[PDB]
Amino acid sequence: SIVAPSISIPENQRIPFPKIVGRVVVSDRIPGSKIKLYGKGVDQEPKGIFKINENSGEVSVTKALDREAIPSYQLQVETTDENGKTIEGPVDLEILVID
């Protein structure tokens, strides 16, 4: 299955970016299936704020966040085969921007 623990990121982080801020773990995971991340903050506006290493499942933020602008994000994570076809998923990844 997929484990996607919730992340809290303080607003106003300093460089450098990107910063790893968590990882998704499957563990009993398929060769060489990939972990995919989607949603507002990734491939829907605002685009490119978060990304995932499709192998390690480490999630990274790409810039400093402002809690007053968006105080939280809710993304979807899944595992795919080499062809991006869904195996496991989706499951929420919640990201809270803390004061």
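Numbers for residues come from their place in the sequence shown, where the first is 1.
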### Message
Tell me which stretch has the larger mean Cα B-factor in this entry, 80-88 or 16-24.
### Response
80-88
## Note on the structure
Quick note on 66-74 and 31-39: per-entry mean CA temperature factor is higher in 31-39
### Task
Grab the CA temperature factor for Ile7 from the record and place it in the lowest, middle or highest third of its chain.
middle
### Query
Once the chain's modelled residues are ordered by C-alpha B factor and cut into thirds, is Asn53 in the lowest, middle or highest one?
middle
